[PDB]
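Colleague: The structure file work_4.tsv (TSV, C-alpha atoms and all ligand atoms) is provided below.
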chain	number	residue	atom	x	y	z
A	1	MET	CA	-32.40	-23.69	50.94
A	2	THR	CA	-33.86	-24.12	54.42
A	3	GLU	CA	-37.60	-23.48	54.52
A	4	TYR	CA	-38.30	-22.24	58.04
A	5	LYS	CA	-41.93	-22.72	59.09
A	6	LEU	CA	-43.12	-19.34	60.35
A	7	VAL	CA	-46.48	-19.44	62.13
A	8	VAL	CA	-48.09	-16.02	62.48
A	9	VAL	CA	-50.46	-15.96	65.44
A	10	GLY	CA	-52.38	-13.14	67.06
A	11	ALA	CA	-55.74	-11.73	68.07
A	12	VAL	CA	-58.48	-10.11	66.00
A	13	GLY	CA	-57.94	-6.42	65.32
A	14	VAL	CA	-54.18	-6.56	65.76
A	15	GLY	CA	-52.96	-6.25	62.19
A	16	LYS	CA	-51.09	-9.44	61.37
A	17	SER	CA	-51.32	-8.77	57.63
A	18	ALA	CA	-49.77	-5.35	58.32
A	19	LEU	CA	-46.58	-7.10	59.42
A	20	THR	CA	-46.53	-10.23	57.27
A	21	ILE	CA	-47.13	-8.57	53.88
A	22	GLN	CA	-45.01	-5.67	55.12
A	23	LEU	CA	-41.68	-7.39	54.47
A	24	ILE	CA	-42.95	-9.59	51.64
A	25	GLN	CA	-43.83	-6.99	49.03
A	26	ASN	CA	-42.97	-3.94	51.16
A	27	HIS	CA	-46.53	-2.69	51.61
A	28	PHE	CA	-48.58	-1.59	54.61
A	29	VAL	CA	-52.15	-2.83	54.30
A	30	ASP	CA	-54.82	-0.63	55.88
A	31	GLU	CA	-57.96	-2.47	54.84
A	32	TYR	CA	-59.20	-4.97	57.40
A	33	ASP	CA	-59.19	-8.34	55.69
A	34	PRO	CA	-60.06	-11.37	57.87
A	35	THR	CA	-57.00	-13.44	56.96
A	36	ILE	CA	-57.98	-17.12	56.85
A	37	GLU	CA	-55.18	-18.96	55.06
A	38	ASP	CA	-52.39	-17.11	53.26
A	39	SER	CA	-48.86	-18.29	52.48
A	40	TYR	CA	-45.81	-16.11	51.92
A	41	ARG	CA	-42.53	-17.54	50.68
A	42	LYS	CA	-39.55	-15.31	49.88
A	43	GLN	CA	-35.76	-15.67	49.84
A	44	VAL	CA	-34.63	-13.86	52.98
A	45	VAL	CA	-30.94	-13.34	53.71
A	46	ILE	CA	-30.48	-14.11	57.40
A	47	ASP	CA	-26.93	-14.05	58.79
A	48	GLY	CA	-25.46	-13.86	55.30
A	49	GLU	CA	-27.46	-16.90	54.26
A	50	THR	CA	-30.38	-16.79	51.84
A	51	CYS	CA	-33.18	-18.92	53.26
A	52	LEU	CA	-36.66	-19.57	51.86
A	53	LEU	CA	-39.04	-18.18	54.47
A	54	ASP	CA	-42.25	-20.19	54.69
A	55	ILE	CA	-44.76	-17.93	56.40
A	56	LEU	CA	-48.34	-19.02	57.00
A	57	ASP	CA	-50.88	-16.37	58.01
A	58	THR	CA	-53.97	-17.94	59.56
A	59	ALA	CA	-57.25	-16.74	61.03
A	60	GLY	CA	-57.36	-15.44	64.59
A	61	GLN	CA	-60.92	-16.72	64.89
A	62	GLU	CA	-61.50	-19.18	67.72
A	63	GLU	CA	-63.73	-21.17	65.36
A	64	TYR	CA	-60.57	-22.84	64.08
A	65	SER	CA	-59.05	-24.54	67.11
A	66	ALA	CA	-58.90	-28.16	65.97
A	67	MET	CA	-57.39	-27.19	62.62
A	68	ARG	CA	-55.07	-24.82	64.48
A	69	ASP	CA	-53.48	-27.57	66.58
A	70	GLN	CA	-52.74	-29.46	63.36
A	71	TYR	CA	-50.70	-26.78	61.60
A	72	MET	CA	-49.23	-25.63	64.92
A	73	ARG	CA	-47.55	-29.02	65.21
A	74	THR	CA	-45.97	-28.48	61.80
A	75	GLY	CA	-44.79	-25.00	62.78
A	76	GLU	CA	-41.26	-24.28	63.93
A	77	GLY	CA	-41.07	-20.58	64.69
A	78	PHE	CA	-44.04	-18.77	66.14
A	79	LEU	CA	-44.68	-15.09	65.57
A	80	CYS	CA	-46.82	-13.74	68.39
A	81	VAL	CA	-48.25	-10.56	66.90
A	82	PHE	CA	-50.18	-8.56	69.49
A	83	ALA	CA	-51.25	-4.93	69.39
A	84	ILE	CA	-50.35	-2.72	72.35
A	85	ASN	CA	-53.58	-0.85	71.62
A	86	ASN	CA	-55.53	-3.63	73.33
A	87	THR	CA	-54.80	-4.88	76.85
A	88	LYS	CA	-56.91	-8.02	76.33
A	89	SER	CA	-54.44	-9.32	73.75
A	90	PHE	CA	-51.59	-8.88	76.25
A	91	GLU	CA	-53.32	-10.88	78.98
A	92	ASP	CA	-54.22	-13.51	76.40
A	93	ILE	CA	-50.59	-14.12	75.44
A	94	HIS	CA	-50.26	-16.74	78.17
A	95	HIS	CA	-53.50	-18.30	76.95
A	96	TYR	CA	-52.09	-18.97	73.48
A	97	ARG	CA	-48.77	-19.95	75.06
A	98	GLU	CA	-50.43	-22.92	76.78
A	99	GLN	CA	-51.76	-24.22	73.48
A	100	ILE	CA	-48.38	-23.79	71.77
A	101	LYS	CA	-46.71	-25.63	74.65
A	102	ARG	CA	-49.12	-28.52	74.06
A	103	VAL	CA	-48.72	-28.77	70.27
A	104	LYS	CA	-44.94	-28.40	70.39
A	105	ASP	CA	-44.74	-30.80	73.34
A	106	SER	CA	-42.09	-28.61	74.90
A	107	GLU	CA	-41.81	-25.82	77.45
A	108	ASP	CA	-39.08	-24.34	75.28
A	109	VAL	CA	-39.88	-23.02	71.81
A	110	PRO	CA	-38.20	-20.38	69.57
A	111	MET	CA	-40.68	-17.49	69.49
A	112	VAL	CA	-40.72	-13.71	69.59
A	113	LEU	CA	-43.05	-11.17	71.16
A	114	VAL	CA	-43.76	-8.21	68.91
A	115	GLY	CA	-45.65	-5.21	70.16
A	116	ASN	CA	-47.59	-4.26	67.06
A	117	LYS	CA	-49.31	-0.90	66.60
A	118	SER	CA	-46.45	0.91	68.33
A	119	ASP	CA	-47.06	3.65	65.79
A	120	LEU	CA	-50.36	4.33	67.51
A	121	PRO	CA	-50.59	7.00	70.26
A	122	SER	CA	-53.39	4.94	71.80
A	123	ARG	CA	-50.80	2.76	73.53
A	124	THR	CA	-52.28	0.81	76.44
A	125	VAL	CA	-49.54	-1.60	77.57
A	126	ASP	CA	-46.13	-0.13	78.41
A	127	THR	CA	-42.85	-1.41	76.97
A	128	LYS	CA	-41.48	-2.37	80.41
A	129	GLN	CA	-44.60	-4.34	81.32
A	130	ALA	CA	-44.29	-6.25	78.05
A	131	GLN	CA	-40.63	-7.07	78.70
A	132	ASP	CA	-41.43	-8.06	82.29
A	133	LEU	CA	-43.73	-10.88	81.22
A	134	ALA	CA	-41.42	-11.75	78.31
A	135	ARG	CA	-38.72	-12.93	80.73
A	136	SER	CA	-40.96	-15.81	81.81
A	137	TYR	CA	-41.34	-16.86	78.18
A	138	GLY	CA	-37.62	-16.56	77.50
A	139	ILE	CA	-38.41	-14.79	74.25
A	140	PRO	CA	-37.32	-11.31	73.03
A	141	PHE	CA	-39.76	-8.41	72.77
A	142	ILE	CA	-39.60	-5.82	70.00
A	143	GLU	CA	-42.01	-2.97	69.23
A	144	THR	CA	-43.16	-3.51	65.65
A	145	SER	CA	-44.40	-0.30	64.05
A	146	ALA	CA	-46.97	-1.00	61.36
A	147	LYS	CA	-47.24	2.30	59.48
A	148	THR	CA	-43.62	3.34	60.05
A	149	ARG	CA	-42.33	-0.22	59.39
A	150	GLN	CA	-39.79	0.34	62.17
A	151	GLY	CA	-38.66	-2.69	64.16
A	152	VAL	CA	-40.27	-5.13	61.72
A	153	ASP	CA	-36.99	-6.04	60.00
A	154	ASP	CA	-35.05	-6.70	63.21
A	155	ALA	CA	-38.04	-8.62	64.56
A	156	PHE	CA	-37.90	-11.09	61.68
A	157	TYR	CA	-34.11	-11.32	61.91
A	158	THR	CA	-34.24	-12.15	65.62
A	159	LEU	CA	-36.97	-14.79	65.17
A	160	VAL	CA	-35.01	-16.75	62.56
A	161	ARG	CA	-31.96	-16.63	64.81
A	162	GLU	CA	-34.01	-18.02	67.69
A	163	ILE	CA	-35.13	-20.93	65.52
A	164	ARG	CA	-31.54	-21.62	64.45
A	165	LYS	CA	-30.44	-21.51	68.08
A	166	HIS	CA	-33.09	-24.09	68.92
A	167	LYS	CA	-32.16	-26.38	66.03
A	168	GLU	CA	-28.41	-26.19	66.62
A	201	LIG	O1	-47.20	-24.88	55.05
A	201	LIG	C1	-46.63	-23.85	54.70
A	201	LIG	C2	-46.44	-23.52	53.22
A	201	LIG	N1	-45.33	-24.32	52.68
A	201	LIG	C3	-45.67	-25.75	52.81
A	201	LIG	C4	-45.37	-26.34	51.43
A	201	LIG	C5	-45.92	-25.20	50.57
A	201	LIG	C6	-45.18	-24.05	51.24
A	201	LIG	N2	-46.15	-22.94	55.54
A	201	LIG	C7	-46.25	-23.12	56.85
A	201	LIG	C8	-45.73	-22.17	57.72
A	201	LIG	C9	-45.84	-22.34	59.10
A	201	LIG	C10	-46.46	-23.47	59.61
A	201	LIG	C11	-46.98	-24.43	58.74
A	201	LIG	CL1	-47.68	-25.67	59.30
A	201	LIG	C12	-46.88	-24.25	57.36
Taking this structure as input, can you express it in the form of structure tokens?
Ligand SMILES: O=C(CN1CCCC1)Nc1cccc(Cl)c1

Modeller:
Amino acid sequence: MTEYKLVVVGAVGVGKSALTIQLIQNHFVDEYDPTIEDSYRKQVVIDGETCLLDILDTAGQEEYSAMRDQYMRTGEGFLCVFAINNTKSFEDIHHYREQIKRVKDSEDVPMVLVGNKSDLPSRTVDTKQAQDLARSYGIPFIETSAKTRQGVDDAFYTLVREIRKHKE
């Protein structure tokens, strides 16, 4: 059973746990817990094939940069979780991209751009703007609703497929 390394990255105040735990035990966490190091492994059926998803939720704190580069090198698929409720996180996507490019030693890496907090009316960045910048990354963009849990399933499905496309 293939254990795909899923690296969940994002900014502070986005709601990474609201997406990671979401499809693990089917639960939307509201409480703000500063995720430092959590691991989620579940048998996920992707493309009619049950694979053991190895998800690692880390801290978005910039105090962990050296340790970040280490696990980033061991990561295969990167989950860029950013909230559309904050424009800073959108302009910082390229910032994190540069670091990922360095650790992966490649300009091409299987990743997905998920617009978290799409269930919030306080939307700042528009869907088209998000897709516009996504073309440069070569990665798909999906609006991941946290409270409604809409788009989260397809987002995970697409990511795994991207990783498989990279491998084979
Ligand atoms: O390291 C783990 C957890 N597995 C490793 C063996 C115990 C289960 N997951 C993970 C996910 C993405 C990136 C990296 Cl570096 C690790």

Colleague: At a cut-off of 7 Å around ligand LIG 201 (chain A), and using all atoms listed in the file, what residues come up? Please write them as a compact mmCIF listing (two decimals) with C-alpha atoms, in the coordinates of the input.

Modeller:
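Output below, filename selection27.txt:
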# COMPACT_ATOMS: atom_id res chain seq x y z
CA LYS A 5 -41.93 -22.72 59.09
CA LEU A 6 -43.12 -19.34 60.35
CA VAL A 7 -46.48 -19.44 62.13
CA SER A 39 -48.86 -18.29 52.48
CA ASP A 54 -42.25 -20.19 54.69
CA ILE A 55 -44.76 -17.93 56.40
CA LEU A 56 -48.34 -19.02 57.00
CA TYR A 71 -50.70 -26.78 61.60
CA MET A 72 -49.23 -25.63 64.92
CA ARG A 73 -47.55 -29.02 65.21
CA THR A 74 -45.97 -28.48 61.80
CA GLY A 75 -44.79 -25.00 62.78
CA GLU A 76 -41.26 -24.28 63.93

Colleague: Between A:136, A:116, A:43, A:35, which has the minimum distance to residue A:23 (counting all atoms listed in the file)?

Modeller: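 Using all atoms listed in the file, the shortest distance to residue A:23 belongs to A:43.
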
Colleague: List the residues sitting within 12 Å of (-53.4, 0.1, 72.4) in the file's frame, using only C-alpha atoms, as a list in words.

Modeller: residues 13, 14, 82, 83, 84, 85, 86, 87, 88, 89, 90, 115, 116, 117, 118, 119, 120, 121, 122, 123, 124, 125, 126 and 127 of chain A

Colleague: With a distance cut-off of 10 Å and all atoms listed in the file, select the neighbouring residues of stretch 149-160 of chain A, excluding the residue or stretch itself and same-chain residues fewer than 3 positions from it, and output the selection as a PyMOL selection string.

Modeller: chain A and resi 4-6+18-20+22-23+26-28+44-47+51+53+76-79+110-116+118-119+139-146+163-166

Colleague: Write the residues of the preceding selection, restricted to C-alpha atoms, as a short mmCIF file (atom, residue, chain, number, x, y, z; two decimals), keeping the file's coordinate frame.

Modeller:
data_model
loop_
_atom_site.label_atom_id
_atom_site.label_comp_id
_atom_site.auth_asym_id
_atom_site.auth_seq_id
_atom_site.Cartn_x
_atom_site.Cartn_y
_atom_site.Cartn_z
CA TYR A 4 -38.30 -22.24 58.04
CA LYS A 5 -41.93 -22.72 59.09
CA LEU A 6 -43.12 -19.34 60.35
CA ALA A 18 -49.77 -5.35 58.32
CA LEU A 19 -46.58 -7.10 59.42
CA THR A 20 -46.53 -10.23 57.27
CA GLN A 22 -45.01 -5.67 55.12
CA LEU A 23 -41.68 -7.39 54.47
CA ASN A 26 -42.97 -3.94 51.16
CA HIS A 27 -46.53 -2.69 51.61
CA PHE A 28 -48.58 -1.59 54.61
CA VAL A 44 -34.63 -13.86 52.98
CA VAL A 45 -30.94 -13.34 53.71
CA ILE A 46 -30.48 -14.11 57.40
CA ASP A 47 -26.93 -14.05 58.79
CA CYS A 51 -33.18 -18.92 53.26
CA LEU A 53 -39.04 -18.18 54.47
CA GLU A 76 -41.26 -24.28 63.93
CA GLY A 77 -41.07 -20.58 64.69
CA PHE A 78 -44.04 -18.77 66.14
CA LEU A 79 -44.68 -15.09 65.57
CA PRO A 110 -38.20 -20.38 69.57
CA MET A 111 -40.68 -17.49 69.49
CA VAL A 112 -40.72 -13.71 69.59
CA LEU A 113 -43.05 -11.17 71.16
CA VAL A 114 -43.76 -8.21 68.91
CA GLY A 115 -45.65 -5.21 70.16
CA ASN A 116 -47.59 -4.26 67.06
CA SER A 118 -46.45 0.91 68.33
CA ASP A 119 -47.06 3.65 65.79
CA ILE A 139 -38.41 -14.79 74.25
CA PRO A 140 -37.32 -11.31 73.03
CA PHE A 141 -39.76 -8.41 72.77
CA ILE A 142 -39.60 -5.82 70.00
CA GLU A 143 -42.01 -2.97 69.23
CA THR A 144 -43.16 -3.51 65.65
CA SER A 145 -44.40 -0.30 64.05
CA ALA A 146 -46.97 -1.00 61.36
CA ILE A 163 -35.13 -20.93 65.52
CA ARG A 164 -31.54 -21.62 64.45
CA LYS A 165 -30.44 -21.51 68.08
CA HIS A 166 -33.09 -24.09 68.92
#

Colleague: I'd like to know which of A:59, A:108, A:147, A:2 is closest to residue A:41, using all atoms listed in the file.

Modeller: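 Looking at the shortest contact to residue A:41, the residue is A:2.
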
Colleague: So how many Å separate atom CA of residue A:92 and atom CA of residue A:57, to one decimal?

Modeller: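 The value is 18.9 Å.
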
Colleague: Please write out, as JSON, where the centre of an axis-aligned box around all listed atoms of stretch 142-159 of chain A lies and how long its edges are, in Å to one decimal, after adding 3 Å on each side.

Modeller:
{"center_x": -40.7, "center_y": -5.7, "center_z": 64.7, "size_x": 19.1, "size_y": 24.1, "size_z": 16.6}

Colleague: Neighbouring residues of residue A:107 were defined as those with any atom within 10 Å, considering all atoms listed in the file; residues of the same chain fewer than 2 positions away were excluded. Please report them as a ChimeraX atom specification.

Modeller: /A:97-98,100-102,104-105,109,137

Colleague: Closest to residue A:52 among A:31, A:162, A:3, A:168, using all atoms listed in the file?

Modeller: A:3

Colleague: For the atom pair atom CA of residue A:62 and atom CA of residue A:17, what is the interatomic distance in Å to one decimal place?

Modeller: 17.7 Å
